[PDB]
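Enquirer: Pasting a structure below so you can have a look.
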Amino acid sequence: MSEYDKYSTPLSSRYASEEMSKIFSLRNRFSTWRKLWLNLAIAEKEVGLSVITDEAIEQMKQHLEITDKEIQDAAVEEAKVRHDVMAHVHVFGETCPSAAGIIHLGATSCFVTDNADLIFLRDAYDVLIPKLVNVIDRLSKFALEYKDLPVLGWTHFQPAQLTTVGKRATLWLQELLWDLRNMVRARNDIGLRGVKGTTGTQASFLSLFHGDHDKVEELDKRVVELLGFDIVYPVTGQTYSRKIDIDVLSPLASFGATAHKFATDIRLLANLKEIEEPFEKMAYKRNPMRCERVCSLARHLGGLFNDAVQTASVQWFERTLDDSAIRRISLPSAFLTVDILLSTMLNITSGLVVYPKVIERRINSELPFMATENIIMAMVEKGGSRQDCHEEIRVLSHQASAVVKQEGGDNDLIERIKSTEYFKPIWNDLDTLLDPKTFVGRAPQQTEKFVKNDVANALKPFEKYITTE
Amino acid sequence: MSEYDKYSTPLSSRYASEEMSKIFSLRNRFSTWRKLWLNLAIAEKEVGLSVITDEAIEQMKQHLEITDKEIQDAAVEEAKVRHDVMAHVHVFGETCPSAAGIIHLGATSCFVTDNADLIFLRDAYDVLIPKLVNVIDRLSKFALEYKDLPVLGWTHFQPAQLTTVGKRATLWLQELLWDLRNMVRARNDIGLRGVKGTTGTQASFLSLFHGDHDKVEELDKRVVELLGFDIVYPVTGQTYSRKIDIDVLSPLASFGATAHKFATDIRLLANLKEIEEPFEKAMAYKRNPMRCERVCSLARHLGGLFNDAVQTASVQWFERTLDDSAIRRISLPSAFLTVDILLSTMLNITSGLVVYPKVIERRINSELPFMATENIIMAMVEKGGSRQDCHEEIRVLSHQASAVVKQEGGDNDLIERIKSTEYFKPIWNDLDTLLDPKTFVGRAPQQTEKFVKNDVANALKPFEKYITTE
Ligand SMILES: [Ca+2]
Ligand SMILES: [Ca+2]
Ligand SMILES: [Cl-]
Ligand SMILES: [Cl-]
Ligand SMILES: [Cl-]
Ligand SMILES: [Cl-]
Ligand SMILES: [Cl-]
Ligand SMILES: [Cl-]
Ligand SMILES: [Cl-]
Ligand SMILES: [Cl-]
Ligand SMILES: [Mg+2]
Ligand SMILES: [Mg+2]
């Protein structure tokens, strides 16, 4: 029946995420079960189960990538036996008649379903992490380029001591370095369930090796090694602990806050006309639509993390099946969401448009109200009284403030100072006392050091993933 | 106003957590500010601000612990000058008159409020982690003790292939090892904001050192070193990134699931009469797993506190917005107090779990015959009989016995039916020793022993000094 007549999620269709979506597709699901069956037979034969023939293994080797027809045949078999794994065991054994006898030998259902999911989780991180690396790369190049450009600081979203455009971008950069840290940890923490049997005791395999514990341990480690994993969980019930889904998702939940804060900030800078999203195809009014989408999708990750926390919390004993439906939603959705976020942020950070003039206009309007201490010191320096000067400025500041709020014209405080005889000693020093570059503290130095050290050191292990456009 | 007449959070007035609650007390907040001012003064002197005097440093050193009188005098000033920190600078400098021109020199208010918060986060983790270590220690001793004891397994909470009591405990232990990993990471990831100025640019410290960047950098490094921290955040706005609060709470959120799953399993085992919570004070027949119920209750509360942190960081505009202040005042203390109560309670539970082997064994005996079909068939095949015939014969008796159990409420009589059926005569004398639960536990005892003596032992080795006895 028609796709136009059924709901489809956007993590899937509307936004380009072809590779990530493939990892969580049905074809990759069933193909990965076959890869697991192949390597279960290889390892079992090696460890000593002579019932497995090399010819069975060689057949399975040519049929790891399930075809549309086999999927449909497995669907027919599933509605008959009401078990998707056993349906695929049957169809795989039809395709590979020399292997029909030994496919799934000794294993329980979760041998293929659970190990496949753990494979997908690590494969998914290996898609995400190259994208995050490139976001860090493009934004830090941005930060360095603009390290010297003074910009109005904002606290409570009210005018605050000057920083620089590049320095502000290091805030977003620092959060993304913590994301690289969190994601790399989670990625390299993942192990495989291996062969564990129905309640984790490996009773079935112990029997198949006639009570030889060493053989069972050799099998468990070998099959995981063949799948390219270093870690096999030694103690499980039927399933890998669903607490692993929490710790796999916590870096995604944390990253959501990074993305939402970055995108919110840019949306405000777009309102201020200081920074806009990249040109895409010259309009006066432009919407920061990519950042609004980043906020939208980032916000969705919190509930998926709670899905995982609540699921693990009520897994009774060696497992309950109330993990199954929700995991088919929460795990793909979370990685697809972050995949879309990172690709969008990569598009945004590749071509941020800066308007230094708008930036300078805004600074000019606000800085005189923040330059009181400079005006005071400069007059004391010239022999004036400090409080006498502190009172004279407050008079002019209130007048300027009234002109801004009370009347609506441009801040005229500097003009007022040039018109007040008291301040004559500094009339030719007001350009210097109001020079924005003198107000940005260490913001340029902080930025250069952070890009050149923190960011470079963090990205050095992933240099091979850094691309261009 | 009387304390009986106002709401008090049970996280500080109902459960034992003196130490953790003191970390988040008013006195420790204001005393930590003073500790921050003392080391700010020491660091500024070493880097070259002679305006502060050696006498001031020594006088601040025996007034770091604020008195109730000073707290009260700081409160009379906070109402007057509309600001807590300045009010405490004043009182500290009245209490310490040779440091009064020197306290807070060059710093902004977040130098004390924000650095103190980070100190409390790591100090709080240093309270939690030793309790976690000891929970792991007691429960792993339990798992080893019961590594051999066969127990009905449960999937879908229906009878499943036998495991052992100790092996089941290794599921909880493995989760706790991940909690140790997560918490130790978060604990050691924490740095200090240091001295950063109102927007993170250190403009006022750069001005105070007449433009010497190296002195600003070395001041930032040294004040943080004096407080016992190796990491100083190089790039901030007004404050440390609130994303740090998320990454400090995510191990606590994850641990909430460990605690809830552990305590839910024990409450089910208590229903089954297999395992009960420790005796307190002629034992009562019926006992409630009330400590486990409390663990589930408080564990559940951690999820919302983590969401507090996620959403807070998400909407921090630019160099800071002050919608982080009130909520962080709830979420950070509540989360560490909740996990502290959870660990104390779990330590008490796991120190004296009560196991009833004959209830466990009675349950296995009633279920194992239905699970031993293949074993009975293999026994007949090994006498020389037919797998197909034996399969059908046992299928008939199994359905009769199932009907007795469910339709009649009777004891499972499958074994008696077998011994009563002429077809099964070749295996009559094999049934008793066949149905031996010790032969059905697979590798559960060996898995348990290896896990405790390798994975657990290795995880706890760096923390041996924290292991205590009762
Ligand atoms: Ca071959
Ligand atoms: Ca051995
Ligand atoms: Cl195909
Ligand atoms: Cl098994
Ligand atoms: Cl298995
Ligand atoms: Cl065996
Ligand atoms: Cl959209
Ligand atoms: Cl500061
Ligand atoms: Cl400053
Ligand atoms: Cl309670
Ligand atoms: Mg001039
Ligand atoms: Mg009876």
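The chains in the structure tokens are called A, B, ... from first to last as shown; in each chain the residues are counted from 1, and the ligands are counted from 1 in the order shown.
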Can you list, as a ChimeraX atom specification, every protein, DNA or RNA residue that comes within 10 Å of region 82-96 of chain A when you count only C-alpha atoms, leaving out same-chain residues fewer than 2 positions away?

Expert: /A:30-31,33-34,37,55-64,66,70-80,98-104,108-113

Enquirer: Would you export the selected residues with N, CA, C and O atoms as a short mmCIF file (atom, residue, chain, number, x, y, z; two decimals), in the first residue's frame, please?

Expert:
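See part_30.cif below for the written result:
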data_model
loop_
_atom_site.label_atom_id
_atom_site.label_comp_id
_atom_site.auth_asym_id
_atom_site.auth_seq_id
_atom_site.Cartn_x
_atom_site.Cartn_y
_atom_site.Cartn_z
N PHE A 30 18.59 -7.59 8.73
CA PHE A 30 18.60 -9.01 8.40
C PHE A 30 19.94 -9.43 7.81
O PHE A 30 20.39 -10.56 8.03
N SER A 31 20.61 -8.54 7.08
CA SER A 31 21.94 -8.86 6.57
C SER A 31 22.94 -9.03 7.69
O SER A 31 23.87 -9.83 7.60
N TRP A 33 22.22 -10.04 10.82
CA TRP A 33 21.96 -11.36 11.40
C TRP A 33 22.72 -12.45 10.63
O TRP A 33 23.35 -13.33 11.23
N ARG A 34 22.72 -12.37 9.29
CA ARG A 34 23.42 -13.39 8.50
C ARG A 34 24.92 -13.32 8.71
O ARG A 34 25.61 -14.35 8.76
N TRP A 37 25.43 -15.06 11.87
CA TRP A 37 25.33 -16.51 11.69
C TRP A 37 26.57 -17.06 11.01
O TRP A 37 27.09 -18.11 11.40
N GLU A 55 31.99 -26.07 3.48
CA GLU A 55 31.10 -25.76 2.36
C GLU A 55 29.88 -24.96 2.83
O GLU A 55 29.41 -24.07 2.11
N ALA A 56 29.34 -25.29 4.00
CA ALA A 56 28.25 -24.48 4.53
C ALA A 56 28.69 -23.03 4.73
O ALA A 56 27.96 -22.09 4.38
N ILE A 57 29.89 -22.85 5.27
CA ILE A 57 30.43 -21.52 5.52
C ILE A 57 30.61 -20.77 4.21
O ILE A 57 30.27 -19.59 4.10
N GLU A 58 31.10 -21.46 3.19
CA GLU A 58 31.34 -20.80 1.90
C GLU A 58 30.03 -20.41 1.23
O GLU A 58 29.98 -19.41 0.51
N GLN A 59 28.96 -21.19 1.43
CA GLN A 59 27.65 -20.78 0.90
C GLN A 59 27.17 -19.51 1.58
O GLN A 59 26.77 -18.55 0.92
N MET A 60 27.19 -19.50 2.91
CA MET A 60 26.75 -18.35 3.69
C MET A 60 27.54 -17.11 3.29
O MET A 60 26.97 -16.02 3.20
N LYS A 61 28.82 -17.29 2.94
CA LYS A 61 29.66 -16.15 2.58
C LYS A 61 29.14 -15.43 1.34
O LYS A 61 29.38 -14.23 1.19
N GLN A 62 28.48 -16.13 0.44
CA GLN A 62 27.98 -15.53 -0.79
C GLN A 62 26.57 -14.97 -0.65
O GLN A 62 26.01 -14.52 -1.66
N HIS A 63 25.98 -14.99 0.54
CA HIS A 63 24.57 -14.60 0.69
C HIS A 63 24.36 -13.77 1.94
O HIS A 63 23.32 -13.86 2.62
N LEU A 64 25.34 -12.93 2.28
CA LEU A 64 25.20 -12.13 3.49
C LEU A 64 24.24 -10.96 3.29
O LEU A 64 23.69 -10.46 4.28
N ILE A 66 20.91 -9.65 2.15
CA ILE A 66 19.61 -10.24 1.87
C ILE A 66 18.92 -9.48 0.74
O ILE A 66 18.99 -8.24 0.65
N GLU A 70 14.12 -12.50 -0.59
CA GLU A 70 14.32 -13.23 0.66
C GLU A 70 13.60 -12.54 1.82
O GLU A 70 13.01 -13.20 2.69
N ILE A 71 13.62 -11.21 1.84
CA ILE A 71 12.89 -10.47 2.87
C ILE A 71 11.41 -10.81 2.79
O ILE A 71 10.76 -11.07 3.81
N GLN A 72 10.85 -10.80 1.58
CA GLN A 72 9.44 -11.11 1.44
C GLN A 72 9.15 -12.56 1.83
O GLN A 72 8.17 -12.83 2.53
N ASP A 73 10.00 -13.50 1.41
CA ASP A 73 9.84 -14.88 1.85
C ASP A 73 9.92 -15.00 3.37
O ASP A 73 9.11 -15.71 3.98
N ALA A 74 10.88 -14.30 3.99
CA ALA A 74 10.95 -14.34 5.45
C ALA A 74 9.71 -13.73 6.08
O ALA A 74 9.29 -14.15 7.17
N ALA A 75 9.08 -12.76 5.41
CA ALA A 75 7.85 -12.18 5.94
C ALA A 75 6.71 -13.20 5.90
O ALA A 75 5.90 -13.26 6.83
N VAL A 76 6.63 -13.99 4.83
CA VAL A 76 5.63 -15.04 4.76
C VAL A 76 5.86 -16.05 5.88
O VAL A 76 4.94 -16.41 6.63
N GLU A 77 7.10 -16.49 6.05
CA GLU A 77 7.41 -17.46 7.09
C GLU A 77 7.13 -16.90 8.48
O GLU A 77 6.70 -17.65 9.37
N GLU A 78 7.35 -15.59 8.69
CA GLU A 78 7.16 -15.01 10.02
C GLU A 78 5.70 -15.01 10.42
O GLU A 78 5.37 -15.36 11.56
N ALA A 79 4.81 -14.61 9.52
CA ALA A 79 3.40 -14.62 9.86
C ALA A 79 2.92 -16.03 10.17
O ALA A 79 1.93 -16.19 10.89
N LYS A 80 3.62 -17.05 9.68
CA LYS A 80 3.28 -18.43 9.98
C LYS A 80 3.78 -18.85 11.36
O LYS A 80 3.00 -19.37 12.17
N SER A 98 23.44 -26.15 2.25
CA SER A 98 24.52 -26.86 2.94
C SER A 98 24.68 -26.36 4.37
O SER A 98 25.27 -27.05 5.20
N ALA A 99 24.16 -25.17 4.68
CA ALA A 99 24.22 -24.56 6.01
C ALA A 99 22.94 -24.71 6.81
O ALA A 99 22.94 -24.35 8.00
N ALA A 100 21.84 -25.20 6.20
CA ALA A 100 20.56 -25.25 6.90
C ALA A 100 20.69 -26.00 8.22
O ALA A 100 20.07 -25.63 9.22
N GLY A 101 21.53 -27.04 8.25
CA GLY A 101 21.69 -27.81 9.46
C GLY A 101 22.34 -27.08 10.62
O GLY A 101 22.09 -27.41 11.78
N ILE A 102 23.18 -26.07 10.36
CA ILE A 102 24.00 -25.49 11.41
C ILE A 102 23.75 -24.01 11.65
O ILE A 102 24.31 -23.46 12.62
N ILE A 103 22.96 -23.33 10.80
CA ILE A 103 22.63 -21.94 11.08
C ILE A 103 22.00 -21.85 12.45
O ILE A 103 21.07 -22.61 12.77
N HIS A 104 22.54 -20.96 13.28
CA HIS A 104 22.02 -20.62 14.61
C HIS A 104 22.32 -21.72 15.62
O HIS A 104 21.75 -21.68 16.73
N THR A 108 20.57 -18.52 21.02
CA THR A 108 19.22 -18.02 21.26
C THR A 108 18.98 -16.80 20.38
O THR A 108 19.90 -16.22 19.80
N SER A 109 17.70 -16.42 20.31
CA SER A 109 17.25 -15.30 19.48
C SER A 109 18.13 -14.05 19.62
O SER A 109 18.46 -13.40 18.61
N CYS A 110 18.46 -13.67 20.85
CA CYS A 110 19.21 -12.45 21.08
C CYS A 110 20.65 -12.54 20.57
O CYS A 110 21.31 -11.50 20.44
N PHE A 111 21.13 -13.73 20.26
CA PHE A 111 22.42 -13.79 19.60
C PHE A 111 22.42 -12.88 18.35
O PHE A 111 23.39 -12.16 18.12
N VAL A 112 21.37 -12.91 17.53
CA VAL A 112 21.45 -12.06 16.34
C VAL A 112 20.84 -10.69 16.61
O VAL A 112 21.39 -9.67 16.19
N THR A 113 19.72 -10.60 17.35
CA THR A 113 19.04 -9.30 17.44
C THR A 113 19.83 -8.31 18.30
O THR A 113 19.92 -7.12 17.96
#

Enquirer: Please report, as a ChimeraX atom specification, each residue of region 143-323 of chain B to which DSSP assigns alpha helix (DSSP H) when run on this structure's backbone.

Expert: /B:143-145,165-189,203-208,213-226,243-271,290-314

Enquirer: Assign secondary structure with DSSP using the backbone only, and return the residues of region 72-261 of chain B in strand (DSSP E or B) as a CSV table (one decimal) with N, CA, C and O atoms, in the first residue's frame.

Expert:
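See out08.csv below for the written result:
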chain,number,residue,atom,x,y,z
B,150,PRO,N,21.7,-22.7,42.8
B,150,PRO,CA,20.8,-22.6,41.7
B,150,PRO,C,19.5,-21.8,42.0
B,150,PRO,O,19.0,-21.9,43.1
B,151,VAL,N,19.0,-21.1,41.0
B,151,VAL,CA,17.8,-20.2,41.2
B,151,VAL,C,17.0,-20.2,39.9
B,151,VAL,O,17.6,-20.2,38.8
B,152,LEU,N,15.7,-20.3,40.0
B,152,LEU,CA,14.9,-20.2,38.8
B,152,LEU,C,15.2,-18.9,38.1
B,152,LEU,O,15.2,-17.8,38.7
B,153,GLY,N,15.5,-19.0,36.8
B,153,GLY,CA,15.7,-17.8,36.0
B,153,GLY,C,14.4,-17.3,35.5
B,153,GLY,O,13.3,-18.0,35.5
B,154,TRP,N,14.4,-16.0,35.1
B,154,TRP,CA,13.1,-15.3,34.7
B,154,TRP,C,13.3,-14.5,33.5
B,154,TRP,O,14.0,-13.5,33.5
B,155,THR,N,12.5,-14.8,32.4
B,155,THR,CA,12.4,-13.9,31.3
B,155,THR,C,11.0,-13.7,31.0
B,155,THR,O,10.2,-14.6,31.1
B,158,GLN,N,8.6,-15.1,33.5
B,158,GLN,CA,8.1,-16.4,33.4
B,158,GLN,C,9.3,-17.4,33.6
B,158,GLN,O,10.5,-17.0,33.3
B,159,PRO,N,9.1,-18.6,34.0
B,159,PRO,CA,10.2,-19.6,34.4
B,159,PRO,C,11.1,-19.7,33.2
B,159,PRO,O,10.7,-20.0,32.0
B,160,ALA,N,12.4,-19.6,33.5
B,160,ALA,CA,13.4,-19.7,32.4
B,160,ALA,C,14.6,-20.5,33.0
B,160,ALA,O,14.8,-20.7,34.2
B,161,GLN,N,15.5,-20.9,32.0
B,161,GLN,CA,16.7,-21.7,32.3
B,161,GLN,C,17.4,-21.2,33.6
B,161,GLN,O,17.7,-20.1,33.7
B,162,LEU,N,17.7,-22.2,34.5
B,162,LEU,CA,18.3,-21.8,35.8
B,162,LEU,C,19.6,-21.0,35.7
B,162,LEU,O,20.4,-21.1,34.8
B,163,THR,N,19.7,-20.1,36.6
B,163,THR,CA,21.0,-19.4,36.8
B,163,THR,C,21.3,-19.7,38.3
B,163,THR,O,20.9,-20.7,38.9
B,164,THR,N,22.2,-18.8,38.9
B,164,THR,CA,22.4,-18.9,40.3
B,164,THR,C,22.2,-17.5,41.0
B,164,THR,O,22.2,-16.5,40.3
B,192,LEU,N,38.0,24.3,37.3
B,192,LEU,CA,37.5,25.5,37.9
B,192,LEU,C,37.5,26.7,36.9
B,192,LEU,O,38.2,26.7,35.9
B,232,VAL,N,41.9,24.4,34.7
B,232,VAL,CA,41.2,25.7,34.7
B,232,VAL,C,40.6,25.9,33.3
B,232,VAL,O,41.3,25.7,32.3

Enquirer: What's around region 359-376 of chain B at 8 Å? Count only C-alpha atoms, leave out sequence neighbours fewer than 2 positions away in its own chain, and write the answer as a list in words.

Expert: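 Counting only the stated atoms, we get residues 150, 151, 152, 159, 160, 161, 273, 274, 356, 357, 378, 379, 380, 394, 398, 411, 412, 414, 415, 431, 434, 435 and 437 of chain B.
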
Enquirer: Only N, CA and C atoms, please: the residues just picked out, written as a PDB file, in the first residue's frame.

Expert:
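Final output, saved to selection.pdb:
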ATOM      1  N   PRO B 150      21.691 -22.658  42.832  1.00  0.00           N
ATOM      2  CA  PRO B 150      20.785 -22.592  41.671  1.00  0.00           C
ATOM      3  C   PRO B 150      19.519 -21.828  42.003  1.00  0.00           C
ATOM      4  N   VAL B 151      19.014 -21.065  41.025  1.00  0.00           N
ATOM      5  CA  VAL B 151      17.818 -20.236  41.214  1.00  0.00           C
ATOM      6  C   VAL B 151      17.023 -20.232  39.913  1.00  0.00           C
ATOM      7  N   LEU B 152      15.687 -20.278  40.024  1.00  0.00           N
ATOM      8  CA  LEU B 152      14.891 -20.191  38.814  1.00  0.00           C
ATOM      9  C   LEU B 152      15.227 -18.895  38.085  1.00  0.00           C
ATOM     10  N   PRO B 159       9.056 -18.641  34.007  1.00  0.00           N
ATOM     11  CA  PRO B 159      10.163 -19.555  34.357  1.00  0.00           C
ATOM     12  C   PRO B 159      11.122 -19.733  33.179  1.00  0.00           C
ATOM     13  N   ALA B 160      12.419 -19.627  33.462  1.00  0.00           N
ATOM     14  CA  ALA B 160      13.429 -19.717  32.418  1.00  0.00           C
ATOM     15  C   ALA B 160      14.638 -20.472  32.962  1.00  0.00           C
ATOM     16  N   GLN B 161      15.503 -20.882  32.034  1.00  0.00           N
ATOM     17  CA  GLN B 161      16.672 -21.700  32.330  1.00  0.00           C
ATOM     18  C   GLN B 161      17.396 -21.231  33.578  1.00  0.00           C
ATOM     19  N   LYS B 273       9.715 -14.783  48.255  1.00  0.00           N
ATOM     20  CA  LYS B 273      10.270 -15.287  49.515  1.00  0.00           C
ATOM     21  C   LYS B 273      11.676 -15.859  49.354  1.00  0.00           C
ATOM     22  N   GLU B 274      12.371 -15.516  48.270  1.00  0.00           N
ATOM     23  CA  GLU B 274      13.697 -16.067  48.013  1.00  0.00           C
ATOM     24  C   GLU B 274      14.792 -15.257  48.684  1.00  0.00           C
ATOM     25  N   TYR B 356      16.889 -17.481  51.167  1.00  0.00           N
ATOM     26  CA  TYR B 356      16.174 -18.671  51.640  1.00  0.00           C
ATOM     27  C   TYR B 356      16.328 -19.805  50.638  1.00  0.00           C
ATOM     28  N   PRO B 357      17.383 -20.625  50.767  1.00  0.00           N
ATOM     29  CA  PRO B 357      17.626 -21.677  49.763  1.00  0.00           C
ATOM     30  C   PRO B 357      16.482 -22.656  49.613  1.00  0.00           C
ATOM     31  N   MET B 378      16.567 -37.232  25.890  1.00  0.00           N
ATOM     32  CA  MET B 378      17.925 -37.706  25.682  1.00  0.00           C
ATOM     33  C   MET B 378      18.219 -38.910  26.569  1.00  0.00           C
ATOM     34  N   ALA B 379      17.708 -38.905  27.809  1.00  0.00           N
ATOM     35  CA  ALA B 379      17.873 -40.058  28.690  1.00  0.00           C
ATOM     36  C   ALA B 379      17.281 -41.309  28.061  1.00  0.00           C
ATOM     37  N   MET B 380      16.092 -41.199  27.458  1.00  0.00           N
ATOM     38  CA  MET B 380      15.508 -42.371  26.801  1.00  0.00           C
ATOM     39  C   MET B 380      16.327 -42.787  25.577  1.00  0.00           C
ATOM     40  N   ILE B 394       6.145 -37.823  26.258  1.00  0.00           N
ATOM     41  CA  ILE B 394       6.311 -36.806  27.300  1.00  0.00           C
ATOM     42  C   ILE B 394       5.352 -35.642  27.051  1.00  0.00           C
ATOM     43  N   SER B 398       3.076 -34.058  29.913  1.00  0.00           N
ATOM     44  CA  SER B 398       3.271 -32.650  30.235  1.00  0.00           C
ATOM     45  C   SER B 398       1.948 -31.899  30.232  1.00  0.00           C
ATOM     46  N   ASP B 411      -0.157 -29.505  42.990  1.00  0.00           N
ATOM     47  CA  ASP B 411       1.278 -29.604  42.800  1.00  0.00           C
ATOM     48  C   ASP B 411       1.593 -30.214  41.446  1.00  0.00           C
ATOM     49  N   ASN B 412       2.671 -29.747  40.845  1.00  0.00           N
ATOM     50  CA  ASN B 412       3.125 -30.336  39.598  1.00  0.00           C
ATOM     51  C   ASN B 412       3.430 -31.822  39.828  1.00  0.00           C
ATOM     52  N   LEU B 414       4.297 -34.040  37.124  1.00  0.00           N
ATOM     53  CA  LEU B 414       4.831 -34.617  35.890  1.00  0.00           C
ATOM     54  C   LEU B 414       5.748 -35.803  36.177  1.00  0.00           C
ATOM     55  N   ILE B 415       6.633 -35.673  37.169  1.00  0.00           N
ATOM     56  CA  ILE B 415       7.582 -36.748  37.449  1.00  0.00           C
ATOM     57  C   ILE B 415       6.851 -37.995  37.911  1.00  0.00           C
ATOM     58  N   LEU B 431      15.311 -40.596  36.866  1.00  0.00           N
ATOM     59  CA  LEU B 431      14.624 -39.309  36.923  1.00  0.00           C
ATOM     60  C   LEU B 431      15.132 -38.430  38.071  1.00  0.00           C
ATOM     61  N   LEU B 434      18.490 -37.146  37.360  1.00  0.00           N
ATOM     62  CA  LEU B 434      18.407 -36.335  36.149  1.00  0.00           C
ATOM     63  C   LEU B 434      17.999 -34.906  36.481  1.00  0.00           C
ATOM     64  N   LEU B 435      16.920 -34.751  37.271  1.00  0.00           N
ATOM     65  CA  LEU B 435      16.307 -33.462  37.610  1.00  0.00           C
ATOM     66  C   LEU B 435      17.093 -32.709  38.684  1.00  0.00           C
ATOM     67  N   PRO B 437      19.011 -29.737  39.939  1.00  0.00           N
ATOM     68  CA  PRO B 437      19.174 -28.335  39.492  1.00  0.00           C
ATOM     69  C   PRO B 437      20.627 -27.931  39.283  1.00  0.00           C
TER      70      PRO B 437
END

Enquirer: Under the rule that only C-alpha atoms and all ligand atoms are counted, which of A:207, A:344, A:311, A:264 is the nearest residue to ligand 6?

Expert: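 That would be A:207, the residue with the smallest distance to ligand 6.
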
Enquirer: Figure out the distance between CA of residue 166 (chain A) and CA of residue 146 (chain A), please, to one decimal in Å.

Expert: 4.5 Å

Enquirer: List the neighbours of residue 235 (chain A) out to 10 Å using only C-alpha atoms; skip same-chain residues closer than 6 positions along the sequence, and give me the result as a ChimeraX atom specification.

Expert: /A:193,196,200-201,241 /B:167-174,444,447-448,450-451

Enquirer: In Å, how far is it from CA of residue 115 (chain A) to CA of residue 232 (chain A)?

Expert: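 Distance reported for this atom pair: 10.3 Å.
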
Enquirer: How many Å lie between CA of residue 371 (chain A) and CA of residue 388 (chain A), rounded to one decimal?

Expert: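 Atom-to-atom, CA of residue 371 (chain A) to CA of residue 388 (chain A), that is 16.5 Å.
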
Enquirer: Name the residues in contact with region 277-287 of chain B at a cut-off of 9 Å, using only C-alpha atoms, excluding same-chain residues fewer than 2 positions from it; report them as a PyMOL selection string.

Expert: chain B and resi 266-267+270+275+289-292+348-354

Enquirer: Could you save the residues just selected, with C-alpha atoms, as a PDB file, in the first residue's frame?

Expert:
ATOM      1  CA  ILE B 266      14.914  -7.477  45.127  1.00  0.00           C
ATOM      2  CA  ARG B 267      11.253  -6.466  45.745  1.00  0.00           C
ATOM      3  CA  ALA B 270      10.983 -10.680  48.424  1.00  0.00           C
ATOM      4  CA  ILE B 275      15.653 -12.986  49.214  1.00  0.00           C
ATOM      5  CA  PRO B 289      11.138  -4.568  51.227  1.00  0.00           C
ATOM      6  CA  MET B 290      10.731  -0.976  52.361  1.00  0.00           C
ATOM      7  CA  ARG B 291      14.342   0.122  51.818  1.00  0.00           C
ATOM      8  CA  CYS B 292      14.179  -1.176  48.254  1.00  0.00           C
ATOM      9  CA  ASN B 348      22.570  -1.122  54.154  1.00  0.00           C
ATOM     10  CA  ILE B 349      20.534  -3.458  51.913  1.00  0.00           C
ATOM     11  CA  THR B 350      23.502  -5.276  50.348  1.00  0.00           C
ATOM     12  CA  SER B 351      25.280  -5.744  53.679  1.00  0.00           C
ATOM     13  CA  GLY B 352      22.879  -8.393  54.951  1.00  0.00           C
ATOM     14  CA  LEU B 353      20.571  -9.712  52.256  1.00  0.00           C
ATOM     15  CA  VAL B 354      18.706 -12.762  53.590  1.00  0.00           C
TER      16      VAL B 354
END

Enquirer: Go through the chains and note each residue within 6 Å of ligand 4, using only C-alpha atoms and all ligand atoms, then give the set as a PyMOL selection string.

Expert: chain A and resi 197-198+201-204

Enquirer: Take the selection from the previous step and output its residues with N, CA and C atoms, as a tab-separated table (two decimals), in the first residue's frame.

Expert:
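The result, stored in result16.tsv:
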chain	number	residue	atom	x	y	z
A	197	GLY	N	23.25	-17.68	25.47
A	197	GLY	CA	22.12	-18.54	25.73
A	197	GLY	C	20.95	-17.77	26.33
A	198	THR	N	19.93	-18.55	26.74
A	198	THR	CA	18.60	-17.97	27.01
A	198	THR	C	18.57	-17.08	28.26
A	201	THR	N	23.65	-18.00	30.81
A	201	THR	CA	24.47	-19.01	31.47
A	201	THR	C	25.27	-19.84	30.47
A	202	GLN	N	25.03	-19.65	29.17
A	202	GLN	CA	25.72	-20.40	28.13
A	202	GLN	C	25.54	-21.90	28.30
A	203	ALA	N	24.46	-22.32	28.96
A	203	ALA	CA	24.22	-23.75	29.16
A	203	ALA	C	24.26	-24.52	27.84
A	204	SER	N	23.60	-23.99	26.81
A	204	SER	CA	23.51	-24.66	25.52
A	204	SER	C	24.90	-24.93	24.94
